[PDB]
Each structure stands twice: as C-alpha cells, then as structure tokens.
Amino acid sequence: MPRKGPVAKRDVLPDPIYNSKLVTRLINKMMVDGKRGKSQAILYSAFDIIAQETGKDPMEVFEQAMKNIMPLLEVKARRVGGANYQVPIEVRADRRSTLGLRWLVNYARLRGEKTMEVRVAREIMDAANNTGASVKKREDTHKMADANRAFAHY
Amino acid sequence: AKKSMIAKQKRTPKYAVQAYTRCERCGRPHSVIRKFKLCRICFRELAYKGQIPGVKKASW
Amino acid sequence: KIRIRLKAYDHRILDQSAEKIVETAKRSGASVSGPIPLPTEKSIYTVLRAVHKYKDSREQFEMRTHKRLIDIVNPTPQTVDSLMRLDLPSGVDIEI
Amino acid sequence: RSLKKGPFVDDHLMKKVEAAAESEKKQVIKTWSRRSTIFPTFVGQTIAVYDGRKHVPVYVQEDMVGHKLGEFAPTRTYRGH
Amino acid sequence: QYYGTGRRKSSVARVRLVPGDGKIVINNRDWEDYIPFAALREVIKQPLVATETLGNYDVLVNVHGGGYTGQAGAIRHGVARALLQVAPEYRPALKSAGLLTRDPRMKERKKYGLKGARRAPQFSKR
Amino acid sequence: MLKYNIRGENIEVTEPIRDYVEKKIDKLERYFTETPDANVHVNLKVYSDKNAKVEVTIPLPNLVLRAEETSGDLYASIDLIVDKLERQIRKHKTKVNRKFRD
Amino acid sequence: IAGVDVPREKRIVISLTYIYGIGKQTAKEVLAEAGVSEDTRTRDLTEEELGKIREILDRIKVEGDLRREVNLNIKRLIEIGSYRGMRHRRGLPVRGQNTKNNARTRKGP
RNA sequence: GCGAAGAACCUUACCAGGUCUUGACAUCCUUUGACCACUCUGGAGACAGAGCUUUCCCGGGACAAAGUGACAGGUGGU
RNA sequence: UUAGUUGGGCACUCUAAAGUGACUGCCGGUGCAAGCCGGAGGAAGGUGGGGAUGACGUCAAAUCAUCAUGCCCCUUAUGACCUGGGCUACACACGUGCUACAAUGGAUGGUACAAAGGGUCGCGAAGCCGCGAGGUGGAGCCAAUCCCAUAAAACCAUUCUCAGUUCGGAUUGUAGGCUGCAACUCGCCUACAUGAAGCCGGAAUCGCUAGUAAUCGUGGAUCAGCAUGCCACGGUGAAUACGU
Ligand SMILES: [Mg+2]
Ligand SMILES: [Mg+2]
Ligand SMILES: [Mg+2]
Ligand SMILES: [Mg+2]
Ligand SMILES: [Mg+2]
Ligand SMILES: [Mg+2]
Ligand SMILES: [Mg+2]
Ligand SMILES: [Mg+2]
Ligand SMILES: [Mg+2]
Ligand SMILES: [Mg+2]
Ligand SMILES: [Mg+2]
Ligand SMILES: [Mg+2]
Ligand SMILES: [Mg+2]
Ligand SMILES: [Mg+2]
Ligand SMILES: [Mg+2]
Ligand SMILES: [Mg+2]
Ligand SMILES: [Mg+2]
Ligand SMILES: [Mg+2]
Ligand SMILES: [Mg+2]
Ligand SMILES: [Mg+2]
Ligand SMILES: [Mg+2]
Ligand SMILES: [Zn+2]
C-alpha cells in the first residue's frame, strides 16, 4: 500500500583496459564479500582464453553472447479467484541486461570444472554458439510465456 | 542479609583474592564502575542531579 | 623557559582563565606564545536504562576534557610571582 | 601448583600423615583439603576426604601419586534418569 | 605551489603541482607500486583527462591516512582542487563530471541493540 | 504431534493438571488436518481472591492462535479457553478458502 | 613399505602422515635427517634414500606400540577410581566442558 | 549471550558439617581510657589456652575492653 | 640524519575556540494560495546524513532482589561466623551465536594501507633465552612526547589438482606455560600425536535501501586470571525497488 514509486538508479564507472559497462556490471555480479581484486582479476585473465581458444575479439563474441541469452518475454504471476494464472508480460530495457548477467553467472558456478577462470570463459563460448545452460533457460522462459499467450493483456 | 555483607566487605579478608568491590550508596555487587565506585543505577540517578563533575548525557 | 598545562571539563572557565595568564605574563615575561589547543580526550559510559530486564534499552554518558598550553621564552623575576598570584577558580587544574 | 614452583601440598594434611608413618595404616585420617597432590609418602595410607556432606575413605596406591585427593571422591550423585 | 588538499573517507591528501613530464611521486615512492590496481589507476587521471594537461605537470603527493582506495579517491580530489588553482577556466569542465565535490559518505556509527549500523538480531515469533 | 510447555507460577504443576491441559487442547487436531509440530506456551496463575488465568499460544505457520481467560477455578478456565481458540481456527481456515472462491 | 602401505601418487611429505604416530611437522625432521628433498614423489626415492628414512623413523614411536600405550593409560584410570575414569567408562565429556548440551561428538548420536 | 559490565574460595542469596545469642552492623548505660596487632599450642577454619606490648591526644571526644537493657537483624510474603 | 633525525620555519595538514555557510535563498513553468516540477550558484537543495529528544493513555505489563516503603511473619534464628559442595548435572526439547562442509581455496616466502581508545600499588620497549605459549631485563612515560601496537582481508611468487583430501577441526593421550594460598569437581594459553560429524541443509522462517547488506581486522567496561557475549572503531565494498 505505501511508497511513492520510481526511485533513482546507481551509476557505473568505465573500467580501464576493457572499457565497457557490461564488464563493470559483470565484475560486481560475481564478486563476493567485497573482494574486487579476486573477481576483477579472473575476468581480465578469462578474456585471454577467449582470445587464445577462438580468437575473434574479446570485446565481441561476448557481445552476441549477451544478445543471445537476454530474454524478450517474461512471466509475472498473479493470483486470481480459484487458481493462479501465470501472466505473460514484456521485459523492460534495464532488466533486460540484469537477467542476462545473473543467468550467466548462476550457471557458470554449476559448470563443473577446475577453476572459475575456465568456467566463466567457456560458458560464454557456448552462449555465443547458441548452446549451453544459459541459452537453455531463456528458451524455457519463452516457451512458458508463449504457452500462456491467451490472457496476456486480458 | 545485606548489613552483614557490607560490613564483611569492609574488613580485610584472608587473602587478597577474596576482596572485591561493592557500591557505596546502595551496596549491590553487580555492575560497579571503579571510576566512580557507584553501580549502574546510582550512577544514572545521581548524574541527572548534576553532582558528578564532567558527566553529561551523550548524544555524540 | 616555563610551560603551563591547563585542563578543565568546561572550556568557558578554561579559555577565560587562560586569557588571564596571557595578559599577566606579558606584563613581565613579554615572550609569551599563544595558547595551544591540545586535543580533547573523551570517554563514554553506556548503562542499562532499566533495573531488572530490558538489556536492549540503554543510555550513554560522556566526559570531555579540554586542555591548553602556555609557553614562555624569556622569564622575569616577577613572572613566577605573577603566575603564583593569579589563582584560577575551581573547575580548572594548573600545572607549571 | 601446576608450575615449576610446585608441587602444592596442604600443611596440616601433610604433617598429620608424616607422624602417622608409625601407625602404618592403623588410623583413618579425616581431612578436608582436596587440593593436595598425592605424595609418595601417602602410598599405602587410607584417608577420609570430605565430598561436600560427608567423609569418604580412599586407600592410597602407588598409581595414585601425582593426583589430587578429590579425584577419587565423586561429588555429584548421578544414577541415570 | 598549486596546493589542492583533498579528502576522501578518512584520508587526507596534500598535493603540490608543478609543470614537468608527468611523473607521480607518492611518499618518495613510485606510483606504480603504491597503487597496484590499474582500475584504481585510471581514476587518478580523471582531473587530468578532462583537460589536456596529463603529460605536462608533475604531482608531488604526501598523503596520510585511510585505506588504499581511500588515497586513490582523495588524490583525485587533490589534483582537481590544485588544478583549478592553475586556471579558473577549467571549472565548467571539471564541474560537469562532478570532480570538485568532496564525497560526503562516511561509515556510520554502531547502535546499541543492533549488531552494527543497521543489522538487527534475528527475530523469533515463538 | 504437539509439544507442550507449561510455565507454572504461583502454583504447582501437578501431573493431574498436566494431563488435563494436554487432553483438552489435544482435540484441536480434528480441525486443522495437518498441524505441523509446534510448541504450545501455557501459563497459569492464581490470585488471592480465588481467580484462575490461562494463556495459550500455538504458533501454527500462518495461524497465530491465542486466547486468555479469567474465571473462578482452574478447570473452568481451561474448558472455556477452547471456545476462544476454536473460533480462531474456524475463522482463519474458512476465511482463506471461501474468499479465493469469490 | 615403511611399516604399512603408503600412497603412491602422493608425496613423501604427505604420504608419511598416513601412519599412526606421525604428523606434518615431525615429517619435516625425518625428511631432514634423511637428507632428501621434501618435493619428491614416493615412487621416485631409491633404496638408499628409503633405507635412511626407515632407519630414522625407527627411533620415533610408530603404530601399534603407540596404540597400545594410550589404551593402557585409559585402562589405568578406569579402576583406580579417578574422576576421569567414570567419564571414560560412561562416555561423557572427560575434560572441563559441559553436558546439558553439545556433547554428541563423544556421547554419539 | 535477559538482571549477570566477568560464579574455582569471596561474590552466594542454596546444601552438608562445625559454631554464637544485645549479636557481623548504629544510638543511649557504667568503670579505663586508646583498642589492637604478633608469637606458641589444638586446630578444616571460625574459634579455645598463655607471653611481649594497647604508646589516645586534647574535665571533651571516636572507637575498643568489659555485662545489662532499651534493642538490633531478615536477598522472609504481598 | 640510519631514519622530520638535528638546526630551522608554521608554508601545508593538524588540533580547538570564535565566525561564514542551506534559509524554496534566486530564476522559469504551474496554482488563486499553500504548495508542486525543473534549473543555476554551491561542498552541501528541498526537515543534507546520523543521533539525543518518546504526547493523553492501554497491557492490575516488569521490578518489595538496586533503593525506599503500608501491612503480615521470624527472632536461641526465617539472624550471625567458618570449611567443603553446588549455581558447571543429562536419556532429552527449544531459542540465540561461533566454525565449517574447500580451488574466488589450503600451505609456504616478501611487502603496503587505518580510525577510535587505555596506561602510576600502571603500560611495560631494546637486549638475551626458549619451536611455542613465555622467562630475565629495565629504558621511557603522570603522556599530540613513551608503551600497549607488527592491523587483517588485499597485492606479489611457488606448490597442492577435485579426494572426506595438504578441507574441517571436534574428541582424546602425553609434555608444558600463566594468574592465584589453591586450576580434581571447575580457568585460559602452548608443543607433539589421534583424527569425528560435515560435501550447502526438509516443512518453515529472519535481516537489510548506500558507505547499507556482505566480509576483515582493532579497542574498551566488568577483570589477579577467564567472552564465540556486550559496547564502540576503521579497511574493502554490492544487487534491486515495475508497483500497491
Ligand atoms: Mg575478583
Ligand atoms: Mg525478545
Ligand atoms: Mg469441552
Ligand atoms: Mg567451561
Ligand atoms: Mg541480545
Ligand atoms: Mg561459602
Ligand atoms: Mg595477645
Ligand atoms: Mg591465646
Ligand atoms: Mg516560483
Ligand atoms: Mg539544484
Ligand atoms: Mg522534535
Ligand atoms: Mg501481573
Ligand atoms: Mg512477577
Ligand atoms: Mg523490604
Ligand atoms: Mg547460570
Ligand atoms: Mg589445514
Ligand atoms: Mg585443569
Ligand atoms: Mg597438532
Ligand atoms: Mg558420511
Ligand atoms: Mg567436494
Ligand atoms: Mg579480561
Ligand atoms: Zn548503587
């Protein structure tokens, strides 16, 4: 019942070396307990594997990896009288990027290899090739949302 | 059983380890500050009265 | 070649009493440096507010002490007597 | 005394058994000091140690040297639930 | 000359600026060592990149206090205040990025009945 | 499976009293077909003018059951404290089911 | 091999600690008096190296002899009547720690 | 992780054993005015028996020696 | 000068007294007015951030045990002294915390960066000894001067290679240190060895909106000794808020 609605949003600083916004927002996503050095370093070294394994562009390939896992639709369930109906709805521009990084890192921890260094770098390779767990979940979101297209606006 | 207890604490004990501190006004054993030799209750009730120099309520 | 240490709970007495020394000292011992405001030392005492229960409700008290410093370079025969004569009130402690 | 300055032995307990060597386990010793380490001189003697409400007799062996008197006089009375 | 003493958190950084090549001196120690992170290194040059003077002046820094990031923030404010003294014509440029402002964020105080600044002990219904 | 805890003050918690409290509050199981195991807080106190008090708290997950009563003797209060508790279970359960069925 | 089978893929500093009565720190001296480097695989030491270690480890106590000594000490306390005997004989915590809660590592499940 | 901002003896308010009855703590009684402390013995200690000393200061005094009363003392209940 | 050291100077920080500064002050739009939206100046803009401050009253809420006190009760004891024991028990149930279940990690070596406090029957350095907890020693300090007091995470190199293990440390045997007249019931710490449950936790449930949560160290009260509790200090430092 309370609350005034819209609120301000945090800023992002342009990181050196790989000047980008997604990179800076990715560093803070996989950081734990405020250790910037640990989280930042594994990302910078991970881009080396991106160059050595399949060298196209460290700035690129990461790009379309994001634009291949960011969802287009979304489900925001609501409870109606008698039964709860999963209502499909669009995804805003800001949450478009947020749901990408979170899905990237949740399944980068579950990859199952020796180091987080390899695991994160390999995962974006699979996404850049329309494969992997991160790509898989977005299809689940789309399949479920498009299955309930009936009461989309109604 | 307190008048006996206060008198007991005044006189010197068998060894230096038996000795301890007691509140001067009331005489409770727990929570005594040896800067003032008052317990936490007598300290509050008498600091409000403006009789402890320097002591004032702390906002920050 | 004489230093003066002043401490007080209330600076209003301290600053006023400190000024009295400065005027009197320069009468004979003109070589007097200005008072130096040495850092104040503070202590807190958090106390349970209630009597029996309620450890979550407490109360905090403080004790701030202010200090000053007076330095004299070239003394005079009456400067010590002048310092001796000037007796500051209570609430301030002097120390030559 | 758990240090180099030890060991600690109670005076009135130590002196009583010292003059009881002529008895040679002929008299029970009734003492309260539980904080005395058992000496070699105590071996073979029987001492009654206060357990908080009464005196319990213990016969000193050679294996008991270096321990305290109270170790062989249990205080809390536990019998299960 | 060009004193631009700036602060951040618990850090105070007194910076004297002189024309030169671009060498940075911190407590008589090379600045490659004192600031290890290259990410922390770019922010030092923000007042020197809005105005094209990066390869023209030498900074002599005598910082004291605060954590390693704390001196990095306080030295950014240090040069900007000193650089603004060099020429007032840079004020609109630096103000746009918000570099003259001294950040007001400080660590809070602990409160009684709480396990920190705002952390509350676990509540049990029954 | 309910676990009890009686805080007897100014009174002795005799075994017959313990059995009486346990068996009377045990019939609430019929209503709430899955009562997750929870702790019951029961308080008893008697005044100088022969008045008895009972307080019951049964923190079910979404159901905070309470009732407090004052009567003549101890047994009347316990028998009269079921009515206040049974009302709340019937109030809370039938509120959820019928409203979501418009 | 050295009293009992030790791991092969492991390292001599780590493999030795697989016998009762030896530990990480003590493995530093037995690898020092043997004059052999710490970073050596177990399936690399020669007979001359392995011979010195067995000679060095002979002086220190090992399994069996140490296993029986500690049990003998435990037995000595059971019938002497010492307080620790009833703790050992009943399985309750022996040293000075409480029993109202948190004594499961010795009492069991 | 509440009174308890610190339970090995003390704290301690509980229990066992060993002890005292104007009393451990204040007022008014009366004789001396310092009163003790210490060493030895029995001592678990409290306490029982002996010796050295108790020097008050200025008719005043506070304490202490000695027995009596008025009296004291209760962390006993609401 | 080995070192801000010494000589020298308050230039800068710094400490603390007195002042300025933020008041919808100004501008534009909107409104009739309160006001609302945006913008400039500024370090700070809309009660800037945080504290102290808790109206009439409700719960016969808690405290006769901090203190006081009506009435009732005891008084060769329900008052007074001493030693020993207990408040530390244990088939079990619940609440609040600490440590983990490892590779963003363990181990080894090098090194940088704080704030806030305490110290006279007190803090206790250098030096020497011991693997260690610690011992001798006595400098300086009634302290912006000396001590407590080397901050830790972080950074840089090597190694371990996904296992109940070089993870985890409970538990236990032996040998020690320190306080105290005294460490068995019943203290803390050190050395060697033993090596348990535990590989992310069911139903359910808790905290938090920015220097916050999260994480890492530091100090103080009580204190001869003893805190994973309490009260304060700083280092690094997020994600999200469509909306009712
Ligand atoms: Mg003590
Ligand atoms: Mg509560
Ligand atoms: Mg009925
Ligand atoms: Mg303990
Ligand atoms: Mg709490
Ligand atoms: Mg006692
Ligand atoms: Mg005599
Ligand atoms: Mg005598
Ligand atoms: Mg206007
Ligand atoms: Mg504005
Ligand atoms: Mg107000
Ligand atoms: Mg009531
Ligand atoms: Mg009550
Ligand atoms: Mg009373
Ligand atoms: Mg307790
Ligand atoms: Mg380990
Ligand atoms: Mg012990
Ligand atoms: Mg070990
Ligand atoms: Mg298992
Ligand atoms: Mg595993
Ligand atoms: Mg301590
Ligand atoms: Zn008091």
# chains A, B, ... in the order shown; residues from 1 in each chain; ligands from 1
>>> residues_near_ligand(ligand="ligand 3", cutoff="8 Å", atoms="only C-alpha atoms (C1' of nucleotides) and all ligand atoms", output="ChimeraX atom specification")
/F:24,79-80,82
>>> residues_around(residues="residue 86 in chain E", least_positions_apart="4", cutoff="12 Å", atoms="only C-alpha atoms (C1' of nucleotides)", output="ChimeraX atom specification")
/E:1-4,16-19,51,53,57,79-82,90-91
>>> residues_around(residues="residue 43 in chain H", least_positions_apart="3", cutoff="10 Å", atoms="only C-alpha atoms (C1' of nucleotides)", output="list in words")
residues 12 of chain D; 47 and 48 of chain H
>>> residues_around(residues="range 42-57 of chain F", least_positions_apart="2", cutoff="8 Å", atoms="only C-alpha atoms (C1' of nucleotides)", output="JSON, numbers by chain")
{"F": [4, 5, 6, 7, 8, 9, 10, 11, 40, 59, 64, 65, 66, 67, 68, 69, 70, 71, 72, 73, 74, 77, 78, 81]}
>>> write_last_selection(atoms="C-alpha atoms", output="short mmCIF file (atom, residue, chain, number, x, y, z; two decimals), in the first residue's frame")
data_model
loop_
_atom_site.label_atom_id
_atom_site.label_comp_id
_atom_site.auth_asym_id
_atom_site.auth_seq_id
_atom_site.Cartn_x
_atom_site.Cartn_y
_atom_site.Cartn_z
CA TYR F 4 3.68 -28.57 25.41
CA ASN F 5 5.39 -26.17 27.81
CA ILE F 6 3.59 -25.04 30.98
CA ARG F 7 5.03 -22.08 32.92
CA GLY F 8 3.52 -22.60 36.36
CA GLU F 9 3.97 -19.53 38.55
CA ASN F 10 2.34 -19.07 41.98
CA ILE F 11 1.10 -22.65 41.56
CA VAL F 40 2.47 -24.65 23.00
CA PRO F 59 2.15 -20.64 16.59
CA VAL F 64 -1.24 -17.43 15.44
CA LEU F 65 -3.69 -18.92 17.93
CA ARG F 66 -4.24 -17.07 21.19
CA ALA F 67 -6.80 -16.94 23.97
CA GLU F 68 -6.61 -15.71 27.56
CA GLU F 69 -9.28 -16.24 30.20
CA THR F 70 -10.09 -15.39 33.81
CA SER F 71 -12.64 -17.38 35.82
CA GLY F 72 -13.24 -18.85 39.26
CA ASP F 73 -11.26 -22.10 39.37
CA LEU F 74 -8.50 -23.54 37.22
CA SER F 77 -10.77 -21.52 32.56
CA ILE F 78 -9.21 -24.40 30.61
CA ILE F 81 -10.35 -21.39 26.65
#
>>> interface_residues(of="chain F", to="chain I", cutoff="9 Å", atoms="only C-alpha atoms (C1' of nucleotides)", output="list in words")
residues 3, 36, 39 and 61 of chain F
>>> residues_near_ligand(ligand="ligand 1", cutoff="12 Å", atoms="only C-alpha atoms (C1' of nucleotides) and all ligand atoms", output="PDB file with N, CA and C atoms (P, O5', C5', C4', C3', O3' and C1' of nucleotides), in the first residue's frame")
ATOM      1  N   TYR B  15      42.924 -13.553  52.188  1.00  0.00           N
ATOM      2  CA  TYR B  15      43.874 -13.320  51.113  1.00  0.00           C
ATOM      3  C   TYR B  15      43.357 -12.220  50.201  1.00  0.00           C
ATOM      4  N   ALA B  16      44.271 -11.645  49.418  1.00  0.00           N
ATOM      5  CA  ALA B  16      43.931 -10.523  48.554  1.00  0.00           C
ATOM      6  C   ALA B  16      42.918 -10.885  47.476  1.00  0.00           C
ATOM      7  N   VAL B  17      42.700 -12.172  47.214  1.00  0.00           N
ATOM      8  CA  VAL B  17      41.758 -12.575  46.178  1.00  0.00           C
ATOM      9  C   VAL B  17      40.311 -12.556  46.663  1.00  0.00           C
ATOM     10  N   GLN B  18      40.074 -12.714  47.965  1.00  0.00           N
ATOM     11  CA  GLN B  18      38.711 -12.634  48.473  1.00  0.00           C
ATOM     12  C   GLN B  18      38.129 -11.231  48.358  1.00  0.00           C
ATOM     13  N   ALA B  19      38.971 -10.204  48.294  1.00  0.00           N
ATOM     14  CA  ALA B  19      38.486  -8.833  48.233  1.00  0.00           C
ATOM     15  C   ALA B  19      37.790  -8.560  46.906  1.00  0.00           C
ATOM     16  N   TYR B  20      36.811  -7.662  46.941  1.00  0.00           N
ATOM     17  CA  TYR B  20      36.085  -7.275  45.740  1.00  0.00           C
ATOM     18  C   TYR B  20      35.487  -5.891  45.959  1.00  0.00           C
ATOM     19  N   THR B  21      34.666  -5.451  45.008  1.00  0.00           N
ATOM     20  CA  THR B  21      34.099  -4.112  45.013  1.00  0.00           C
ATOM     21  C   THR B  21      32.599  -4.163  45.273  1.00  0.00           C
ATOM     22  N   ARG B  22      32.106  -3.130  45.952  1.00  0.00           N
ATOM     23  CA  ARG B  22      30.696  -3.018  46.284  1.00  0.00           C
ATOM     24  C   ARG B  22      30.288  -1.562  46.102  1.00  0.00           C
ATOM     25  N   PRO B  29      26.352  -5.831  44.374  1.00  0.00           N
ATOM     26  CA  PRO B  29      27.675  -6.295  43.940  1.00  0.00           C
ATOM     27  C   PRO B  29      27.902  -6.177  42.443  1.00  0.00           C
ATOM     28  N   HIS B  30      26.851  -6.378  41.656  1.00  0.00           N
ATOM     29  CA  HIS B  30      26.984  -6.448  40.210  1.00  0.00           C
ATOM     30  C   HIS B  30      27.087  -5.062  39.587  1.00  0.00           C
TER      31      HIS B  30
ATOM     32  P     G H   6      29.694  -7.256  36.178  1.00  0.00           P
ATOM     33  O5'   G H   6      30.490  -8.428  35.457  1.00  0.00           O
ATOM     34  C5'   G H   6      31.189  -9.402  36.219  1.00  0.00           C
ATOM     35  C4'   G H   6      31.317 -10.712  35.488  1.00  0.00           C
ATOM     36  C3'   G H   6      31.899 -11.852  36.320  1.00  0.00           C
ATOM     37  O3'   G H   6      31.297 -13.079  35.917  1.00  0.00           O
ATOM     38  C1'   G H   6      33.257 -11.491  34.432  1.00  0.00           C
ATOM     39  P     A H   7      30.286 -13.840  36.903  1.00  0.00           P
ATOM     40  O5'   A H   7      30.854 -15.326  36.968  1.00  0.00           O
ATOM     41  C5'   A H   7      32.065 -15.621  37.648  1.00  0.00           C
ATOM     42  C4'   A H   7      31.796 -16.367  38.929  1.00  0.00           C
ATOM     43  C3'   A H   7      32.527 -17.686  39.110  1.00  0.00           C
ATOM     44  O3'   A H   7      33.854 -17.511  39.574  1.00  0.00           O
ATOM     45  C1'   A H   7      30.247 -17.919  39.728  1.00  0.00           C
ATOM     46  P     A H   8      35.086 -18.144  38.762  1.00  0.00           P
ATOM     47  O5'   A H   8      35.508 -19.413  39.626  1.00  0.00           O
ATOM     48  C5'   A H   8      34.727 -20.602  39.623  1.00  0.00           C
ATOM     49  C4'   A H   8      35.265 -21.601  40.616  1.00  0.00           C
ATOM     50  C3'   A H   8      35.324 -21.115  42.056  1.00  0.00           C
ATOM     51  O3'   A H   8      34.099 -21.330  42.737  1.00  0.00           O
ATOM     52  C1'   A H   8      37.410 -22.061  41.443  1.00  0.00           C
ATOM     53  P     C H   9      33.640 -20.349  43.918  1.00  0.00           P
ATOM     54  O5'   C H   9      34.791 -20.489  45.002  1.00  0.00           O
ATOM     55  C5'   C H   9      34.837 -21.607  45.874  1.00  0.00           C
ATOM     56  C4'   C H   9      35.486 -21.235  47.178  1.00  0.00           C
ATOM     57  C3'   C H   9      34.947 -19.969  47.820  1.00  0.00           C
ATOM     58  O3'   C H   9      33.788 -20.206  48.598  1.00  0.00           O
ATOM     59  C1'   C H   9      37.295 -19.843  47.715  1.00  0.00           C
ATOM     60  P     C H  10      32.481 -19.291  48.413  1.00  0.00           P
ATOM     61  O5'   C H  10      33.026 -17.804  48.579  1.00  0.00           O
ATOM     62  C5'   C H  10      33.368 -17.299  49.861  1.00  0.00           C
ATOM     63  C4'   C H  10      33.670 -15.822  49.814  1.00  0.00           C
ATOM     64  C3'   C H  10      32.588 -14.941  49.208  1.00  0.00           C
ATOM     65  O3'   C H  10      31.606 -14.574  50.159  1.00  0.00           O
ATOM     66  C1'   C H  10      34.704 -14.371  48.299  1.00  0.00           C
ATOM     67  P     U H  11      30.071 -14.976  49.937  1.00  0.00           P
ATOM     68  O5'   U H  11      29.576 -13.986  48.795  1.00  0.00           O
ATOM     69  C5'   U H  11      29.904 -12.604  48.822  1.00  0.00           C
ATOM     70  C4'   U H  11      30.029 -12.055  47.425  1.00  0.00           C
ATOM     71  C3'   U H  11      28.835 -12.315  46.522  1.00  0.00           C
ATOM     72  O3'   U H  11      27.824 -11.341  46.686  1.00  0.00           O
ATOM     73  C1'   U H  11      30.823 -12.946  45.405  1.00  0.00           C
TER      74        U H  11
ATOM     75  P     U I 179      52.524 -15.878  37.052  1.00  0.00           P
ATOM     76  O5'   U I 179      51.018 -15.565  37.461  1.00  0.00           O
ATOM     77  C5'   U I 179      50.391 -14.349  37.084  1.00  0.00           C
ATOM     78  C4'   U I 179      48.926 -14.366  37.434  1.00  0.00           C
ATOM     79  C3'   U I 179      48.601 -14.707  38.877  1.00  0.00           C
ATOM     80  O3'   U I 179      48.717 -13.585  39.733  1.00  0.00           O
ATOM     81  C1'   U I 179      47.179 -15.921  37.413  1.00  0.00           C
ATOM     82  P     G I 180      49.631 -13.661  41.047  1.00  0.00           P
ATOM     83  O5'   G I 180      48.710 -14.407  42.105  1.00  0.00           O
ATOM     84  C5'   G I 180      47.467 -13.851  42.500  1.00  0.00           C
ATOM     85  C4'   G I 180      46.458 -14.924  42.812  1.00  0.00           C
ATOM     86  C3'   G I 180      46.788 -15.838  43.978  1.00  0.00           C
ATOM     87  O3'   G I 180      46.498 -15.255  45.235  1.00  0.00           O
ATOM     88  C1'   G I 180      46.049 -17.130  42.147  1.00  0.00           C
ATOM     89  P     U I 222      36.273  -1.203  34.815  1.00  0.00           P
ATOM     90  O5'   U I 222      35.635  -2.547  35.371  1.00  0.00           O
ATOM     91  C5'   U I 222      34.331  -2.538  35.924  1.00  0.00           C
ATOM     92  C4'   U I 222      33.664  -3.883  35.811  1.00  0.00           C
ATOM     93  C3'   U I 222      34.459  -5.080  36.301  1.00  0.00           C
ATOM     94  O3'   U I 222      34.421  -5.219  37.712  1.00  0.00           O
ATOM     95  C1'   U I 222      33.398  -5.592  34.242  1.00  0.00           C
ATOM     96  P     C I 223      35.751  -5.038  38.597  1.00  0.00           P
ATOM     97  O5'   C I 223      36.766  -6.110  38.006  1.00  0.00           O
ATOM     98  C5'   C I 223      36.600  -7.495  38.266  1.00  0.00           C
ATOM     99  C4'   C I 223      37.609  -8.315  37.505  1.00  0.00           C
ATOM    100  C3'   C I 223      39.066  -7.948  37.739  1.00  0.00           C
ATOM    101  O3'   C I 223      39.601  -8.518  38.918  1.00  0.00           O
ATOM    102  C1'   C I 223      38.667  -8.114  35.421  1.00  0.00           C
ATOM    103  P     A I 224      40.861  -7.835  39.639  1.00  0.00           P
ATOM    104  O5'   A I 224      42.117  -8.418  38.854  1.00  0.00           O
ATOM    105  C5'   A I 224      43.434  -7.986  39.155  1.00  0.00           C
ATOM    106  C4'   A I 224      44.415  -9.128  39.086  1.00  0.00           C
ATOM    107  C3'   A I 224      44.252 -10.074  37.906  1.00  0.00           C
ATOM    108  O3'   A I 224      44.875  -9.584  36.731  1.00  0.00           O
ATOM    109  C1'   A I 224      44.522 -11.320  39.907  1.00  0.00           C
ATOM    110  P     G I 225      44.163  -9.734  35.297  1.00  0.00           P
ATOM    111  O5'   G I 225      43.975 -11.304  35.113  1.00  0.00           O
ATOM    112  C5'   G I 225      45.071 -12.139  34.772  1.00  0.00           C
ATOM    113  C4'   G I 225      44.652 -13.584  34.697  1.00  0.00           C
ATOM    114  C3'   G I 225      43.517 -13.890  33.734  1.00  0.00           C
ATOM    115  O3'   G I 225      43.978 -14.069  32.408  1.00  0.00           O
ATOM    116  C1'   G I 225      43.129 -14.957  35.821  1.00  0.00           C
ATOM    117  P     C I 226      43.309 -13.265  31.194  1.00  0.00           P
ATOM    118  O5'   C I 226      41.935 -14.027  30.941  1.00  0.00           O
ATOM    119  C5'   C I 226      41.930 -15.311  30.344  1.00  0.00           C
ATOM    120  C4'   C I 226      40.638 -16.042  30.597  1.00  0.00           C
ATOM    121  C3'   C I 226      39.385 -15.420  30.011  1.00  0.00           C
ATOM    122  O3'   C I 226      39.225 -15.709  28.635  1.00  0.00           O
ATOM    123  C1'   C I 226      38.979 -16.079  32.245  1.00  0.00           C
TER     124        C I 226
END
>>> closest_residue(among="H:69, H:3, H:33, H:59", to="residue 52 in chain C", atoms="only C-alpha atoms (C1' of nucleotides)")
H:3
>>> interface_residues(of="chain E", to="chain I", cutoff="6 Å", atoms="only C-alpha atoms (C1' of nucleotides)", output="NGL selection string")
:E and (66-68 or 101 or 105-107 or 122)
>>> write_last_selection(atoms="C-alpha atoms", output="PDB file, in the first residue's frame")
ATOM      1  CA  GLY E  66      42.769   5.910   5.005  1.00  0.00           C
ATOM      2  CA  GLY E  67      42.756   2.689   3.030  1.00  0.00           C
ATOM      3  CA  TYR E  68      44.446   2.117  -0.310  1.00  0.00           C
ATOM      4  CA  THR E 101      32.617  17.759  -4.997  1.00  0.00           C
ATOM      5  CA  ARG E 105      29.783   9.263   2.501  1.00  0.00           C
ATOM      6  CA  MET E 106      31.286   8.084   5.788  1.00  0.00           C
ATOM      7  CA  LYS E 107      30.971   4.836   7.691  1.00  0.00           C
ATOM      8  CA  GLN E 122      17.213 -12.451  14.410  1.00  0.00           C
TER       9      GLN E 122
END
>>> select_by_dssp(residues="range 19-71 of chain F", states="helix (DSSP H, G or I)", output="ChimeraX atom specification")
/F:19-30
>>> atom_distance(atom1="CA of residue 100 in chain G", atom2="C1' of residue 90 in chain I")
5.7 Å
>>> atom_distance(atom1="CA of residue 119 in chain A", atom2="CA of residue 50 in chain A")
11.7 Å
>>> residues_around(residues="residue 25 in chain D", least_positions_apart="3", cutoff="9 Å", atoms="only C-alpha atoms (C1' of nucleotides)", output="list in words")
residues 20, 21, 22, 28, 44, 45 and 46 of chain D
>>> write_last_selection(atoms="C-alpha atoms", output="mmCIF file, in the first residue's frame")
data_model
loop_
_atom_site.group_PDB
_atom_site.id
_atom_site.type_symbol
_atom_site.label_atom_id
_atom_site.label_comp_id
_atom_site.auth_asym_id
_atom_site.auth_seq_id
_atom_site.Cartn_x
_atom_site.Cartn_y
_atom_site.Cartn_z
ATOM 1 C CA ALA D 20 51.306 -41.351 61.123
ATOM 2 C CA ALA D 21 54.063 -43.417 59.485
ATOM 3 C CA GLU D 22 54.472 -45.144 62.853
ATOM 4 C CA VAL D 28 41.944 -43.254 59.334
ATOM 5 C CA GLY D 44 49.546 -47.329 51.500
ATOM 6 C CA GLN D 45 47.596 -44.902 53.698
ATOM 7 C CA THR D 46 43.819 -44.551 53.939
#
